[PDB]
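For reference, the chains in residue letters:
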4 protein chains.
Amino acid sequence: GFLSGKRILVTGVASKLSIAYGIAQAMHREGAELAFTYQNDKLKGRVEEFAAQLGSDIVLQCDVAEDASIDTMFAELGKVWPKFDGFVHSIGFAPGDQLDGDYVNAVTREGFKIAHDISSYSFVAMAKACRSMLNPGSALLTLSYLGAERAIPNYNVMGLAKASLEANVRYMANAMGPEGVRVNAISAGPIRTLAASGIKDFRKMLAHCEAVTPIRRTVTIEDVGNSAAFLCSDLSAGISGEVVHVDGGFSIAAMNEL
Amino acid sequence: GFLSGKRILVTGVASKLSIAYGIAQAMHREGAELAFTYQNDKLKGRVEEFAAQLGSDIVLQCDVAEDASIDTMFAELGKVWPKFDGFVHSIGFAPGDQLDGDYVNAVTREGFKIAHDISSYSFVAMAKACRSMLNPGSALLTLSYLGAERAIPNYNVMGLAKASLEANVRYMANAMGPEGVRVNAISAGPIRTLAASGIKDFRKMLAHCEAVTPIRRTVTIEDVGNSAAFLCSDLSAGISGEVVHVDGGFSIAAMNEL
Amino acid sequence: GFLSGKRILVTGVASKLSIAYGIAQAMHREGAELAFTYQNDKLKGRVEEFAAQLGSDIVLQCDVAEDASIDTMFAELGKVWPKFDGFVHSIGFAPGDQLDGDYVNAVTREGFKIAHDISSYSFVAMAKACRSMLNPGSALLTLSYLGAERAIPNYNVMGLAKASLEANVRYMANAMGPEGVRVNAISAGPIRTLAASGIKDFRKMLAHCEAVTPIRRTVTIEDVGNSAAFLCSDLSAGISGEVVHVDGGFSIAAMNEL
Amino acid sequence: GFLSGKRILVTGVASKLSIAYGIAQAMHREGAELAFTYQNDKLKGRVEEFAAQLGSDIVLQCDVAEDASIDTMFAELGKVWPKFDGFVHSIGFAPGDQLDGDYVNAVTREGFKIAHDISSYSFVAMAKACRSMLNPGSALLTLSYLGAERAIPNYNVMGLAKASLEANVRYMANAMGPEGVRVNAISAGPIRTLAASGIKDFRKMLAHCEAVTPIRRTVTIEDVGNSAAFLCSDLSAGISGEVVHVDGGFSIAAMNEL
Ligand SMILES: NC(=O)c1ccc[n+]([C@@H]2O[C@H](COP(=O)([O-])OP(=O)(O)OC[C@H]3O[C@@H](n4cnc5c(N)ncnc54)[C@H](O)[C@@H]3O)[C@@H](O)[C@H]2O)c1
Ligand SMILES: NC(=O)c1ccc[n+]([C@@H]2O[C@H](COP(=O)([O-])OP(=O)(O)OC[C@H]3O[C@@H](n4cnc5c(N)ncnc54)[C@H](O)[C@@H]3O)[C@@H](O)[C@H]2O)c1
Ligand SMILES: NC(=O)c1ccc[n+]([C@@H]2O[C@H](COP(=O)([O-])OP(=O)(O)OC[C@H]3O[C@@H](n4cnc5c(N)ncnc54)[C@H](O)[C@@H]3O)[C@@H](O)[C@H]2O)c1
Ligand SMILES: NC(=O)c1ccc[n+]([C@@H]2O[C@H](COP(=O)([O-])OP(=O)(O)OC[C@H]3O[C@@H](n4cnc5c(N)ncnc54)[C@H](O)[C@@H]3O)[C@@H](O)[C@H]2O)c1
Ligand SMILES: Oc1cc(Cl)ccc1Oc1ccc(Cl)cc1Cl
Ligand SMILES: Oc1cc(Cl)ccc1Oc1ccc(Cl)cc1Cl
Ligand SMILES: Oc1cc(Cl)ccc1Oc1ccc(Cl)cc1Cl
Ligand SMILES: Oc1cc(Cl)ccc1Oc1ccc(Cl)cc1Cl
Ligand SMILES: OC[C@H]1O[C@@H](O)[C@H](O)[C@@H](O)[C@@H]1O
Ligand SMILES: OC[C@H]1O[C@@H](O)[C@H](O)[C@@H](O)[C@@H]1O
Ligand SMILES: OC[C@H]1O[C@H](O)[C@@H](O)[C@@H](O)[C@@H]1O
Ligand SMILES: OC[C@H]1O[C@H](O)[C@@H](O)[C@@H](O)[C@@H]1O
């Protein structure tokens, strides 16, 4: 496959519906060697089993709210992969009260702080902690959404955190390019995942998107996985600092409705 | 003038070089009644005297890091202006260590937190506190920079913070529009101010911009003031959620240096 | 008013609903001296009567499909205005067969040629013909639509031509800036005009926009007129090469229909 | 390879430096069956040789200035490929006088007409003539440049033609999606080709981009070829109507090395 010879670290696998699970299956199909992280001890056994099905035994705990957890994880990874070729950042969060109802009434100083810290700062916190372990030709990838570029009802402060994340992709690509590292994002269309159930009226989003999207269907974790595999491979060597829309054309149309 | 009958609150005046100083003078010239805030006691003297030159005696303390400070300021303002027509948010900050050299090496979890809290959350924190005091026809305005959109050397985490602020403008305009309030920003070109001196090699950015901007000069606080007066008047009733470039055309050209 | 001392030429007045009529009214209210053009003799009478109400007796025929007609019109304008301060370009056309049904089936080579010649090339053709009659501080303005940025049903080849016009605004601002000229556009929301009746199902666009636009109403020729007067005045001296959205925020939101 | 089982038509091979040459070599490596077009009889011999080296003997004349030439080509293709899976459009032209010096002085009505007809209309002319020959899952691709988005010295009216082409990509994707066809573009960074050598001072554009691009090199036809192969394969099933930047990050940075 087109990822033979690469070693990639994958975050955010919580279940078989996760975008990260889809990305991991596609990368394994194309020949990558993989390593996995897990947020807390309730996820340990599920992730160890997923990793074994994909030929890996490298499974390490990591909570991105804590600098010490990130550092400890990369020091343990270093025992088996002293050098490696990049990582997939598939992590997002905001307190549940932030994501329902009018935006100005729901947002709070603490909710804004947590959303930006876990969904945007954590991407660069990981790069800082593994910078000297990355080979030339490495690639980093994160996942964003259209709520960074447009106001969407109920998405609320997560749209501000994703806008900071997309800027993070550009500043990171500009800083690390000279040493041979690329950094990009995929802006995915709506997909039913565990976290998806926390967005007020996510079921109407899905139905609507299917009706007015140019390809006339919502995208899958297999479509997102194949694009993620391409963006972390040497086939995408000419692409850096980019946000790639993997939403079936939804954002480039208007008023398809009638 | 075109602001006759309007009452507008202006934050951020720190010297006569300040962008907020040029916005206040243009708003006074067009007939508005004004009110001013000051960050701390070191700036109190100067702001009281500037307010007086523009015929105002409403000058109140406000540090937007604190929810209590914002609430107290608006309760005092409510004694003389029970209802009013909007405000100008001209406030930004990040720790000095964040703005020099490689972005991945300089950024820290706490530097990111402060930059986003003061430069982006504070705009929506003021709106929450005064929402029921705004008349039909009101307008809110904030100030952004091209670093939100492109990676610029040394601007570093302030670029991410400005990206979060421009998304804030979109989400606020969508939430407040139905009750009759508009929300926009000006993306200003580089101007020599007190805060500008904190950006490593600011003087070089300024020199480069003068030579390649289409109008062949950098913009002034008078240019920004006149556009701010327009965006807070009824003349701009058809504009909301927009980021307007007031940089002489710098962002729309490439390779004029050749 | 803020246009006192300026001489501006206005094209495109067809009737009292025209966007150009709202622009002329707003500039007359702000003190400008005006001059007008008319496409054919069937409009001659009306335009002479519209000009007379606004204090003008400068009414000249001009068909922008022909280089000779533009040159003759500016040579006649030169007898009373050898020097002037800019013009408003409010002209668009595509053959009727282009604007109904599937885009790929409807577009033709000649259909495409005419739409781009009249809606985009004519703006720069008028600039070439009066470049040495413009005073320092002059401003040019044109009108665009969201169809340049997004695929909209039935707008079809006009969307490609507006995309070409918006690039034209950037290339003209970059070339003419150094001698003292600014060039910009307004991207207006849908408004009921004579030309508007040529778009298949225009009445549905109108009602849809009214319900999901942040300000909850469609924009008027007075809203567009006031923004146009600002953009051709010295108040907007810091703005060039820009496309300003005057659509009540419609373009920055998504999925507002609940 | 990932294009096994697909049949793709390739336009635009002029020499071994051509972007379409790199695209052909990469699609052949990934298992596609190919067919080629040549503009006129001065190119026939060399394109026949290049095709033979990639195992193809399907080589047909096509000048996209003429509807009859495009129709005859698709009728001849139909004798060996009744159905096929998409095409690559790598074609552009404007008269040489258009690309030298100040844009407003150089552009003419005829120059503008030819630029838009050959660089933008031709993409949709080809789609109209082969629409009933495309299998479900087909993909169409064109090549654009940052001149569409920003004003660049000397590129002049080509920048307006590329803005029209990018809008053409959106309108094509929206019309053809429901029947199973995707349409995208690659916005490539500068590459030394025969056509590139017609732009005044191309040597300087190339050197400047090399120094300030985040990856600190200019892109190759192999980089572009690999991204083109992915975009015409089922690996990119979730992407349509998109303009993918393959310029090493050049467009997302500003003021590097200053
Ligand atoms: N599902 C969609 O429609 C969609 C669309 C666009 C983007 N996204 C984004 O894609 C990413 C993946 O989300 P998903 O939809 O796969 O949901 P998911 O619930 O399957 O995955 C979210 C993951 O975030 C991880 N996470 C949260 N906080 C963490 C912390 N402090 N430390 C370490 N890990 C933490 C969780 O463990 C979980 O595995 C997110 O960034 C999300 O915003 C989702
Ligand atoms: N100067 C430029 O070139 C430029 C260009 C684009 C945008 N901007 C932006 O314009 C705005 C104004 O900056 P300026 O250039 O006029 O500089 P300035 O130093 O004159 O003003 C900065 C203002 O921020 C205020 N401030 C900081 N922290 C605060 C806090 N916790 N509470 C209350 N007030 C606080 C200071 O008191 C000061 O009045 C900022 O948002 C800045 O990012 C400046
Ligand atoms: N009405 C809308 O919703 C809307 C929204 C956005 C942009 N626009 C644009 O605004 C401009 C003004 O249109 P309007 O809506 O006021 O319509 P209108 O029908 O009132 O005006 C169109 C004008 O085009 C002029 N025109 C056409 N061909 C010409 C030629 N060859 N030479 C000289 N003049 C010619 C006509 O004479 C007429 O005055 C157009 O560019 C249109 O695309 C309209
Ligand atoms: N080289 C670059 O830096 C660059 C960067 C971005 C985009 N592009 C674009 O890539 C495409 C390919 O150009 P290239 O750089 O590989 O140059 P090239 O000179 O190798 O190829 C140009 C091709 O255009 C074809 N062509 C011109 N007029 C035609 C007509 N009437 N009918 C049929 N074919 C015609 C020629 O035959 C030639 O094969 C163009 O669309 C160009 O604008 C090139
Ligand atoms: O970003 C998302 C976008 C969509 Cl459409 C659906 C789910 C998303 O992902 C999240 C949303 C909210 C929270 Cl609390 C956590 C995550 Cl991971
Ligand atoms: O955003 C700015 C952009 C420019 Cl070009 C110049 C000054 C700016 O303003 C700031 C920059 C840094 C800090 Cl710490 C605080 C502020 Cl107010
Ligand atoms: O561009 C427009 C956009 C809208 Cl929403 C409504 C009217 C428009 O203006 C035109 C539309 C079609 C033709 Cl043939 C001529 C013109 Cl002036
Ligand atoms: O579009 C291009 C962009 C670049 Cl940077 C280099 C080459 C390009 O290709 C062309 C340039 C001018 C003309 Cl007349 C025709 C073509 Cl094909
Ligand atoms: O500990 C409670 C919460 O804190 C956050 O830092 C984690 O990102 C989140 O996933 C968890 O629900
Ligand atoms: O003369 C017929 C047509 O020609 C076009 O050039 C004009 O723009 C249009 O208004 C008229 O209908
Ligand atoms: O104490 C340091 C700082 O904290 C504040 O929140 C900032 O806005 C800055 O102006 C102040 O100096
Ligand atoms: O013959 C002059 C020109 O006409 C064509 O339409 C072009 O595309 C170009 O390559 C040819 O040189």
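Scoring rules and cut-offs
- Each chain carries its own residue count, running from 1 in the order of its written sequence; this scheme can depart from the entry numbering, and residues that have no coordinates do not appear.
- Going through the entries in the order they are written, you letter the chains from A and number the ligands from 1.
- Hydrogens and waters are ignored; side-chain quantities use all the structure's heavy atoms.
- UniProt positions are given in the numbering used here, feature names are shortened, and annotations may be inferred rather than shown by experiment.
- Here a residue-residue contact requires only that any non-hydrogen atoms of the pair lie within 4.5 Å.
- When two components associate, each loses some accessible surface as probed by a 1.4 Å sphere; the sum of these losses over both components is called the buried area.
- For this document, the term salt bridge refers to a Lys or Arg side-chain nitrogen within 4 Å of an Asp or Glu carboxyl oxygen.
- To qualify as a helix, a DSSP run of H or I must reach at least 4 residues; to qualify as a strand, a run of E must reach at least 2; elements of each kind are numbered from the N terminus.
- Only a single heavy atom is needed: when it lies within 4 Å of a molecule or strand, its residue is near that molecule or strand.
- The protein chains shown are the only cover counted for residues, whose accessible areas, like all others here, come from Shrake-Rupley with a 1.4 Å probe.
- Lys, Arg, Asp and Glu make up the charged group, whereas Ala, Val, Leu, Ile, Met, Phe, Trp, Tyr, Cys and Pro make up the nonpolar group; the residues left over, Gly among them, are polar.
- Between copies, superposition is a least-squares fit restricted to the C-alpha atoms.
- Nine residue types can take part in a nonpolar core, namely buried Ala, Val, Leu, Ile, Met, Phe, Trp, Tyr and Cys, and a core is a set of them joined through side-chain atoms within 4.5 Å.
- Burial classification: accessible surface area is computed with a 1.4 Å probe over protein chains only, and a residue below 20% of its type maximum counts as buried, one above 50% as exposed, and the rest as partly exposed.
- By this definition, two strands are paired if DSSP reports at least two bridges between them.
- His is not counted here, nor are the chain ends, while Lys and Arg score as positive and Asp and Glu score as negative.
- Here a polar contact is taken to be a pair of N or O atoms separated by no more than 3.5 Å, where protein atoms must pair a possible hydrogen donor with a possible acceptor and residues adjacent in sequence count only if both atoms sit in side chains.
- Angles here are taken between N-to-C directions and fall from 0 to 180 degrees, while the axes themselves are lines fitted to C-alpha atoms, restricted in helices to the stretch in contact.
- Angle categories are assigned with fixed cut-offs, so that under 35 degrees is roughly parallel, over 145 is roughly antiparallel, 65 to 115 is roughly perpendicular, and the rest are oblique.

Per the PDB entry, chain A goes by the name ENOYL-[ACYL-CARRIER-PROTEIN] REDUCTASE and belongs to Escherichia coli. Within the Protein Data Bank, this record goes by the title "CRYSTAL STRUCTURE OF ENOYL REDUCTASE INHIBITION BY TRICLOSAN". According to the UniProt record, the Subunit comment for chain A reads "Homotetramer." Of chain A, the UniProt comment under Sequence similarities reads exactly: "Belongs to the short-chain dehydrogenases/reductases (SDR) family. FabI subfamily."

1. Things to note about the interface of chain D and chain C
Taken together, the contact between chain D and chain C spans 42 residues of the former and 42 residues of the latter. Buried surface at the junction of chain D and chain C, summed over both partners, amounts to about 3300 Å²; 58% is from carbon and sulfur atoms. Three residues stand out in chain D for area buried against chain C, namely D:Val104, D:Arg109 and D:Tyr171, and they jointly supply 27% of the buried area on that side. Here chain D and chain C share six salt bridges between them. Between D:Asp67 and C:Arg109 there is a salt bridge whose closest N-O contact spans 2.8 Å. The dominant element in the side of chain D that touches chain C, judged by the number of residues it contributes, is helix α6 (residues 157-176) of chain D, at 12 residues.

2. Some remarks on the site of ligand 5
Residues and elements named next belong to chain A. The environment of ligand 5 is formed by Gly 92, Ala 94, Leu 99, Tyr 145, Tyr 155, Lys 162, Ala 195, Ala 196, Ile 199 and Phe 202. Protein chains bury 81% of the 440 Å² of accessible surface belonging to ligand 5 in isolation. Its residues placed into classes, the shell around ligand 5 shows eight nonpolar, one polar and one charged.

3. A short note on the relation of the copies chain B and chain A
Overlay of chain B on chain A (RMSD 0.2 Å): rotation 180 degrees, translation along the axis 0.0 Å. Both copies are brought into coincidence by an operation consistent with a two-fold rotation axis. When the interface residues of chain B are mapped onto chain A, 100% of them again fall at the interface, so both copies present the same face.

4. A short note on the nonpolar core
Taken as a class, soluble globular proteins show a tendency for nonpolar side chains to be buried jointly. If you look at the biggest cluster of nonpolar residues, it comprises 80 residues, and the most contacted ones within it are B:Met27 and C:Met27. A:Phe36, A:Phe230, D:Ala139 and D:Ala229 belong to the second-largest nonpolar core, a separate cluster that totals 79 residues.

5. Notes on the pairing of strand β4 (residues 84-89) of chain C
All names here are of chain C. Where burial is concerned, most of β4 is hidden: six out of the six residues are buried. The pairing of strand β1 (residues 7-10) with β4 spans two bridges and is classified as parallel. Within β4, the residue paired with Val 10 across the bridge is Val 88.

6. Overview of unusual backbone geometry
Phi is positive for B:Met255, close to 65 degrees, though the residue is something other than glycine. Positionally, B:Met255 belongs in the segment after β7 (243-246). Although it is not a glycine, C:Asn156 adopts a positive phi angle of roughly 45 degrees. On the secondary structure map, C:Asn156 appears in the loop between β5 (134-144) and α6 (157-176).

7. Overview of the side chain of A:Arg170
You can see A:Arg170 is positioned in helix α6 (residues 157-176). One buried charged residue, A:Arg170, remains without a salt bridge, the closest side chain of opposite sign being A:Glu166 at 4.9 Å. A polar side-chain atom of A:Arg170 sits 3.2 Å from the main-chain carbonyl oxygen of B:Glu149. If near-sequence neighbours (up to four positions away) are discounted, A:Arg170 is found in contact with A:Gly241, B:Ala148, B:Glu149, B:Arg150, B:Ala151 and D:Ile252.

8. Considering the site of ligand 6
All names here are of chain B. Every residue close to ligand 6 is listed here: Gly 92, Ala 94, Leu 99, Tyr 145, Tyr 155, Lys 162, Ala 195, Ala 196, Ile 199 and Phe 202. One of the side-chain nitrogen or oxygen atoms of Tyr 155 is found 2.6 Å away from an oxygen atom of ligand 6. Class assignment of the residues belonging to the shell around ligand 6 gives a composition of eight nonpolar, one polar and one charged.

9. Things to note about the environment of C:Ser240
Position of C:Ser240 among the secondary structure elements: in the loop between α8 (221-231) and β7 (243-246). Taking the relative accessible area as the measure of exposure, C:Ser240 reaches 4% and is therefore buried. For the pair C:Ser240 and C:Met172, spaced 68 residues apart in sequence, the C-alpha to C-alpha distance is 9.7 Å. Ignoring any residue separated from it by four or fewer positions in sequence, one finds C:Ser240 in contact with B:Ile215, B:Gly248, B:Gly249, B:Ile252, C:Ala173, C:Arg182, C:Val183 and C:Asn184. A distance of 3.2 Å separates a polar atom in the side chain of C:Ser240 from the backbone nitrogen of C:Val183.

10. A word on the interface of chain B and chain A
How big an interface is tends to be expressed through the accessible area that disappears when the partners come together. Facing 42 residues of chain B, the contacting portion of chain A comprises 42 residues. Sorting the residues of chain B by area buried against chain A places B:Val104, B:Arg109 and B:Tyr171 first, and these three jointly supply 27% of that buried surface. Scanning the region where chain B abuts chain A turns up six salt bridges. One salt bridge in this structure joins A:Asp102 and B:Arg131, with 2.9 Å as the shortest N-O distance. At the boundary of chain B and chain A, one finds 32 residue pairs in polar contact. Counting residues per element, the ones that place at least two in the side of chain B that touches chain A are α3 (67-80), α4 (103-106), α5 (109-130) and α6 (157-176) of chain B. Among the elements that take part in the side of chain B that touches chain A, α6(B) stands out by supplying 12 residues, more than any other.

11. Focus: the packing of helix α8 (residues 221-231) of chain B against α8(C)
Axis angle and axis distance: for two packed helices, these are the angle between their axes and the distance between the axes, and together they describe the pair. Contact geometry of α8(B) with α8(C) gives a least axis separation of 12 Å together with a crossing angle of 170 degrees. Relative to α8(C), α8(B) is oriented roughly antiparallel. Where α8(B) abuts α8(C), its residues B:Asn226, B:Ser227 and B:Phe230 lie against C:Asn226, C:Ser227 and C:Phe230. Grouping the constituent residues of the contact of α8(B) with α8(C) by class yields two nonpolar, four polar and no charged.

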